[PDB]
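Trainee: I have a structure I would like to understand better, so I am pasting it below and will then ask my questions one at a time.
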Amino acid sequence: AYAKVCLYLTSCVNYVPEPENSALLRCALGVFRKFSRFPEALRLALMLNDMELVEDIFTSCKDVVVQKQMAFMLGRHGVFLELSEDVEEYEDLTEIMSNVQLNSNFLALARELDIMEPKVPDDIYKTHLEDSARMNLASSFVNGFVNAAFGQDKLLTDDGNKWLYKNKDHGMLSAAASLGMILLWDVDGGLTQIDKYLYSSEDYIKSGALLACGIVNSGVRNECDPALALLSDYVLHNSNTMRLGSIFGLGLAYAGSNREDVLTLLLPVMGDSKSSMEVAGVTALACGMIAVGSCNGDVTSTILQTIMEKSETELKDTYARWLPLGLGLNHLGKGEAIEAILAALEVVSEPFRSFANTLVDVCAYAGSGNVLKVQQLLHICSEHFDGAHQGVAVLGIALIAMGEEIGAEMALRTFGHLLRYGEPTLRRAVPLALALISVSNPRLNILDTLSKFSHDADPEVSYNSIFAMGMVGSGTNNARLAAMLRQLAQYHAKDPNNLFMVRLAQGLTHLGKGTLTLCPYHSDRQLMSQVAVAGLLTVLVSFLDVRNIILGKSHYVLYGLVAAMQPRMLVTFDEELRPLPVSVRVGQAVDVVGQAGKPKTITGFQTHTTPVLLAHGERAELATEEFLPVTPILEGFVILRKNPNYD
Amino acid sequence: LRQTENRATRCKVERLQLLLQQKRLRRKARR
Amino acid sequence: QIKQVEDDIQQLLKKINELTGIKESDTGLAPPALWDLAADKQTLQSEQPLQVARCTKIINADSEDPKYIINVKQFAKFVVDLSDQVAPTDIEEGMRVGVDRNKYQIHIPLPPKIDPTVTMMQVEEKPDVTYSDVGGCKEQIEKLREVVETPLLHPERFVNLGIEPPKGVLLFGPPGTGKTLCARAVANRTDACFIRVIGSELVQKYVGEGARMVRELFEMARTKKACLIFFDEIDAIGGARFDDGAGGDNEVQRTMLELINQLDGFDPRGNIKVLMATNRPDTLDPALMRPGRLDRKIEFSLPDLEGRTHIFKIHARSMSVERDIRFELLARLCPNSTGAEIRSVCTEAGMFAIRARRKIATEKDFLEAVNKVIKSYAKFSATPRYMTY
Ligand SMILES: Nc1ncnc2c1ncn2[C@@H]1O[C@H](COP(=O)(O)OP(=O)(O)OP(=O)(O)O)[C@@H](O)[C@H]1O
Ligand SMILES: [Mg+2]
Numbered sequence: 225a226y227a228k229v230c231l232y233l234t235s236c237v238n239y240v241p242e243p244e245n246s247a248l249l250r251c252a253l254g255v256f257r258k259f260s261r262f263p264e265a266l267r268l269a270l271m272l273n274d275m276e277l278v279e280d281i282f283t284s285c286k287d288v289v290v291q292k293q294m295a296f297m298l299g300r301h302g303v304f305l306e307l308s309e310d311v312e313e314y315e316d317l318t319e320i321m322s323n324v325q326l327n328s329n330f331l332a333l334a335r336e337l338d339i340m341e342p343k344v345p346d347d348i349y350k351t352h353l354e366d367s368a369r370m371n372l373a374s375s376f377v378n379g380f381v382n383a384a385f386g387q388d389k390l391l392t393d394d395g396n397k398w399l400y401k402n403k404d405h406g407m408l409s410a411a412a413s414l415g416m417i418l419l420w421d422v423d424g425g426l427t428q429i430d431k432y433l434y435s436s437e438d439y440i441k442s443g444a445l446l447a448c449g450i451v452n453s454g455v456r457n458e459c460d461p462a463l464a465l466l467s468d469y470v471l472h473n474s475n476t477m478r479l480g481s482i483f484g485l486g487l488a489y490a491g492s493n494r495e496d497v498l499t500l501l502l503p504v505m506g507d508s509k510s511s512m513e514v515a516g517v518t519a520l521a522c523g524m525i526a527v528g529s530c531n532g533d534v535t536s537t538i539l540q541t542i543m544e545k546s547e548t549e550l551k552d553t554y555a556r557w558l559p560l561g562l563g564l565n566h567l568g569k570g571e572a573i574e575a576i577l578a579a580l581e582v583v584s585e586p587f588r589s590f591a592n593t594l595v596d597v598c599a600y601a602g603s604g605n606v607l608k609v610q611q612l613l614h615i616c617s618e619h620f621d647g648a649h650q651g652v653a654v655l656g657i658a659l660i661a662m663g664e665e666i667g668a669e670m671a672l673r674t675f676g677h678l679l680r681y682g683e684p685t686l687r688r689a690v691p692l693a694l695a696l697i698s699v700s701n702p703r704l705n706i707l708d709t710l711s712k713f714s715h716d717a718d719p720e721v722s723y724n725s726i727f728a729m730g731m732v733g734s735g736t737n738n739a740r741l742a743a744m745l746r747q748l749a750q751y752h753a754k755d756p757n758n759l760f761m762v763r764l765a766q767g768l769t770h771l772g773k774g775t776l777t778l779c780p781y782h783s784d785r786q787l788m789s790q791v792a793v794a795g796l797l798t799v800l801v802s803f804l805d806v807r808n809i810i811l812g813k814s815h816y817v818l819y820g821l822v823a824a825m826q827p828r829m830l831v832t833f834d835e836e837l838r839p840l841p842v843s844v845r846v847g848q849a850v851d852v853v854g855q856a857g858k859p860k861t862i863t864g865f866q867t868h869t870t871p872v873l874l875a876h877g878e879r880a881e882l883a884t885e886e887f888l889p890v891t892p893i894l895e896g897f898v899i900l901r902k903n904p905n906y907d
Numbered sequence: 380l381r382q383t384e385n386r387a388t389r390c391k392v393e394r395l396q397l398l399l400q401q402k403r404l405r406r407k408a409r410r
Numbered sequence: 044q045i046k047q048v049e050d051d052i053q054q055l056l057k058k059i060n061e062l063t064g065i066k067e068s069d070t071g072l073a074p075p076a077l078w079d080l081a082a083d084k085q086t087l088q089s090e091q092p093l094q095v096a097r098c099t100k101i102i103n104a105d106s107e108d109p110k111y112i113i114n115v116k117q118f119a120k121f122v123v124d125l126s127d128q129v130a131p132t133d134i135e136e137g138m139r140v141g142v143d144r145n146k147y148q149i150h151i152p153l154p155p156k157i158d159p160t161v162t163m164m165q166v167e168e169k170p171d172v173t174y175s176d177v178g179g180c181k182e183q184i185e186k187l188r189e190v191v192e193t194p195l196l197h198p199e200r201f202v203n204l205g206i207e208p209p210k211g212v213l214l215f216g217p218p219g220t221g222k223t224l225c226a227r228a229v230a231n232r233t234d235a236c237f238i239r240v241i242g243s244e245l246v247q248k249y250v251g252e253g254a255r256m257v258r259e260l261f262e263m264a265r266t267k268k269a270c271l272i273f274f275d276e277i278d279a280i281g282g283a284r285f286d287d288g289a290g291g292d293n294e295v296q297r298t299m300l301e302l303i304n305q306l307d308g309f310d311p312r313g314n315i316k317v318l319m320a321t322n323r324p325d326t327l328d329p330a331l332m333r334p335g336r337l338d339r340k341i342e343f344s345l346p347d348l349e350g351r352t353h354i355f356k357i358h359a360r361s362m363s364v365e366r367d368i369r370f371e372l373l374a375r376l377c378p379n380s381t382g383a384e385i386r387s388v389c390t391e392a393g394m395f396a397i398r399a400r401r402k403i404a405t406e407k408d409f410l411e412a413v414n415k416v417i418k419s420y421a422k423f424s425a426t427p428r429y430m431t432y
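Residue numbers (UniProt numbering), protein chains in the order written: chain Y, 225 to 354, 366 to 621, 647 to 907; chain G, 380 to 410; chain L, 44 to 432.
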């Protein structure tokens, strides 16, 4: 009965048109609340995007432990509930929501699975078995990616001025924000290091250290507000030269917070028009990241005025793509509502129309699975202009189809056919969309296609394919993919403009030595993370034009990728937030789907003691019925109680 | 200009890290 | 409407195929997605075929206009010159010259010939076994890891002290102790060229064909920068040379001597590290066992009590065993047993549970499995002979 109902409702919600999904979700939530399955109710409420219902369920929850585990789940998803000062353990619940102690937990997992030994970029390169500023940039990027969230390294934590000066031009920003991402996730004691670097005589280095502070605070939530202070102090008056590091660091630091103070600090710097078009685009991007999913009238209006005011040739010039991108990030997943914005953009300008319209439309219908919407996108794809709208449209099919386990593979087939029958821009874009549709999820057709098309004659298609393959391998350090990337490095040994992408893919594959995942979804394959999808869409829309953005001077978007960095975790906790090493078995997925057979049975049993670093698509269940798990699904941090029935 | 910004950042980030230290001390005392 | 939906789905697939490309695999053709006809026409009209020859001699090698004696295999020998795109230094007196037709001069230097049999030995797909799947031989794992991985991972810690790491290991022990298991673990964990060889694969029907492919194997390893070779079942060709009176084992002794000379002879053996897996380390030639060729002989003795308990744990990690395990009792109950015996015991416990139609394997099932695998099969055991061997 319960299993039948809940499973059928979930599957149909994933596989049903728009009008019925909401009603089915309502009745699913009602059944869960009736049977008193509060974590399930919370998951359904979040996937509904019903913060009011989320608060109602969370407050109705009068169990301290279950409430704290709900706080863990909501923190991992990304939300900062403003709980009133009368609840079960207000302070503990609030700090769990803020996601503090994540540094300690990550370090604890590293110690349990010893990975604290730093890995220098040359270690992953393994050049002893197989330039200049470009190589310095690539090495810094891969070093940061591999040593992210550890607060440890061997290049920058050791003598770091040498690395900074070996890097050139924007390599200064690259290295500084790489250090920031190394100290990511609650190394806020690292404000000391980043401050004693930003006390610098070099503008690029100082701004990169400001971006480092922002990225370190990214994901983190500290009531002391450790970002707004630095960011405002630097961005209040100097709005002429670059400002990109500051604005981007603020946006990455706060993201899903949606704090009116940061919104109203970021809006005027965009609306002033005294800051370069790059700053305007990055400011719209930061506003979108701060407000990923709001229907925020202020952000929408300011973006519309910016688009109107910017000259026709300015809109033609790149980096204008980030303004409609910011508007879409604001209208992330809100669905139909955007009609007003769509009409406004349609009446704004003729040629920039296709681009902005398609971008906002796809970014608003992300995950909807609207087949008619994807058909509109495919008709736009068929109509060849004789291109930017083409690329964002292919990205749109990916973004909208990454919601169903069947539609995803079918969109992979559609992407293969798109590359087969495509035009230059279509082919250039397809790898980015095909990376979006599968992130941190190695798949032996995605990897094969991307590897095949990396060698492709089109240099930009090669760039996108290599970065896409690194993306697919993100946080899943795999022998096959590492060997493939090393082989590609050998292939494009001489080509620096492509070897940089190859090295970036290597580092992004060995992300955190292998601890994290850039996949937007989490939990049990249907929970979109607005912040993570915003970051991924930022990076991929920037890559849509790869030469002049990433290979130029705008890899702060690569650093914005951090908005989607979340761990693959199974740490278990005591009722009073203490470690509980408990035997747990792991596996991918197995069951008999009769009526509504739950796909919770796991056959690839692999007994482990928590912490456990599970991979993509693996469900870890308890080894024995000695502890009951408050959460039905064991993902991320968990609180396990002692089964009063029997050990 | 640059020196004024640097001194402002120095004093105010010292204040910020001090506040963070108080937060962590409160957490540990609770623990 | 279900059947209508499947019928439409298959009709749609049929139309997609009929309009894109359906079936071309008889003559090994490819799907038409990666069909660059525009490029292949220019390829056939701009890249002329090149017949592979060998530069025999360089007459008048001095700066004066030289002449190269090529030997187009089985076709003819010629005196030729270089293409103006090819630098003189790029070609030596033994490289595969790769000359065009029609005034055989359009040169492309070409690597040494490798027998397809020899080249189909590199381990492309790495085994799914890890060092955590091997239990009860901690010291053996440490020594093998040192020799094969550590120089290939952190050479600085060796060049700092000026040490030449041992380059050569002989994993020897009774049938089933983790020899091939550890070889697979090394292949999985190693970032280098792993080349597996089977002693039986060096037995060839024509005199000088075993030694020929040994030479080809070692020179391919030399062409590669960091290579681990793994001769499994080395007993096949590696045997003490005996005069006899009818010339027995002359060919296998010749190929073994070629391997000996390649491991340590009048030449720097290169950055090749060799493994020798065997369960009869008493036939191997003394020259083969010399520590200039097998530096780090490792014994995979039958696991002790702790090793047997660890192996039982490893093999029962993923099983559906019940609460109380007493794998220590099982280990003491099956002494002088192999990891193969232990895995068979675990498997037979699982099969006893399955036969009883249970989903939980219990201590009684494990004891029945021990009785079946250790006691009943005691007469088929290889340890009593191969411990002497
Ligand atoms: N020490 C061990 N730890 C774990 N499993 C082991 C061990 N020894 C043997 N096994 C099991 O036995 C098989 C490994 O035997 P392997 O092929 O390595 O034997 P070998 O020593 O090379 O013998 P042979 O002389 O028959 O070639 C695998 O099933 C492995 O599970
Ligand atoms: Mg063997």
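Beta carbons: idealized from backbone N, C-alpha and C, even for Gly.
Classify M319(L) as helix, strand or coil using the three-state DSSP reduction.
Mentor: Strand at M319(L).
Trainee: What does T867(Y) touch in chain L if you count any residue whose Cβ is under 8 angstroms from its own?
Mentor: Simply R360 and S361.
Trainee: Kindly list, in the order they appear in chain Y, the residues whose Cβ is closer than 7 angstroms to that of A269(L).
Mentor: In chain order: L353.
Trainee: To the nearest angstrom, how far is it from the Cα of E252(L) to the Cα of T351(Y)?
Mentor: Spanning the two alpha carbons is a distance of roughly 36 angstroms.
Trainee: List the DSSP bridge partners of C98(L).
Mentor: BP columns for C98(L) point to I113(L).
Trainee: Relative to the C-alpha of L479(Y), which residue among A515(Y), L694(Y) and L500(Y) is closest?
Mentor: That would be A515(Y), whose Cα lies nearest to the Cα of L479(Y).
Trainee: What residues from the region 730-752 of chain Y come within 7 angstroms of chain A, judged by C-beta to C-beta, listed N to C?
Mentor: Absent here is chain A; the protein component of the structure consists of chains Y, G and L.
Trainee: Please classify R398(L): is it buried, with 16 or more other beta-carbons within 10 angstroms of its beta-carbon, or exposed?
Mentor: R398(L) is exposed by the Cβ-count criterion.
Trainee: Just confirm the distance between the C-beta atoms of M731(Y) and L707(Y), as a whole number of angstroms; I'd bet it's less than 8 angstroms.
Mentor: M731(Y) to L707(Y), Cβ: 11 angstroms. No contact.
Trainee: So, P159(L) versus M138(L), is the Cβ gap smaller than 9 angstroms?
Mentor: The answer is no: Cβ separation not under 9 angstroms.
Trainee: May I ask you to report which of helix, strand or coil DSSP gives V846(Y)?
Mentor: If DSSP states are grouped into helix, strand and coil, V846(Y) belongs with the strands.
Trainee: Quick check on the burial criterion: 16 or more other C-beta atoms within 10 angstroms. Buried or exposed for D805(Y)?
Mentor: The residue in question, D805(Y), is buried, as its Cβ has 16 or more Cβ neighbours within 10 Å.
Trainee: Do the region 452-460 of chain Y and the region 323-331 of chain Y make contact, defined as three or more Cβ pairs closer than 8 angstroms?
Mentor: Segments in contact, yes.
Trainee: What does the alpha-carbon distance come out to for the pair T318(Y) and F201(L)?
Mentor: Spanning the two alpha carbons is a distance of roughly 52 angstroms.
Trainee: If you check the beta carbons only, do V161(L) and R97(L) fall under 9 angstroms apart?
Mentor: Taking 9 angstroms as the Cβ cut-off, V161(L) and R97(L) do not qualify as a contacting pair.
Trainee: Identify, in the order they occur along the chain, each residue of the same chain with its Cβ nearer than 6 angstroms to the Cβ of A447(Y), setting aside the five sequence neighbours on each side.
Mentor: Counting only Cβ-Cβ distances below 6 angstroms, and skipping sequence neighbours, we find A411, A412, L414, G415 and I429.
Trainee: Helix or strand or just coil, what does DSSP make of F865(Y)?
Mentor: If DSSP states are grouped into helix, strand and coil, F865(Y) belongs with coil.
Trainee: How about the region 810-827 of chain Y and the region 267-287 of chain Y: do they share at least three Cβ pairs that are nearer than 8 angstroms?
Mentor: Result no; under three Cβ-Cβ pairs closer than 8 angstroms.
Trainee: Please name the residues in the region 234-247 of chain L whose beta-carbon is closer than 9 angstroms to at least one beta-carbon of chain Y, in chain order.
Mentor: Listed by position along the chain: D234, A235 and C236.
Trainee: Measuring from the CB of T223(L), is there a heavy atom of ligand 2 at a distance below 8 angstroms?
Mentor: Within the cutoff, so yes.
Trainee: Anything in chain G within Cβ reach of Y816(Y), meaning under 8 angstroms, just list it in chain order.
Mentor: Per Cβ cutoff of 8 angstroms: no residues; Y816(Y) is ~20 angstroms from chain G at best.
Trainee: Run through chain L and tell me which residues come within less than 7 angstroms of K350(Y), C-beta to C-beta.
Mentor: Result: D234.
Trainee: Rounded to whole angstroms, what's the CA-CA distance from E544(Y) to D507(Y)? Just pull it up for me.
Mentor: Taking the straight line from one Cα to the other gives about 11 angstroms.
Trainee: Within 10 angstroms of its Cβ, does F409(L) collect 16 or more other Cβ (buried), or is it exposed?
Mentor: Buried, since its Cβ has 16 or more Cβ neighbours within 10 Å.
Trainee: Using a Cβ-Cβ cut-off of 9 angstroms, state whether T884(Y) counts as contacting chain L.
Mentor: At least one chain L Cβ lies under 9 angstroms of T884(Y).
Trainee: Does the region 172-182 of chain L touch the region 220-229 of chain L, meaning 3 or more C-beta pairs lie closer than 8 angstroms?
Mentor: The region 220-229 of chain L is in contact with the region 172-182 of chain L.
Trainee: DSSP has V166(L) in a bridge; who is on the other side?
Mentor: Paired residues: none, contrary to the question.
Trainee: Which residue from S361(L), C377(L), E365(L) and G205(L) puts its Cα closest to that of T352(L)?
Mentor: The residue with the shortest Cα to Cα distance from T352(L) is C377(L).
Trainee: Going by DSSP in three states, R335(Y) sits in which element: helix, strand or coil?
Mentor: Reduced to three states, the DSSP call for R335(Y) is helix.
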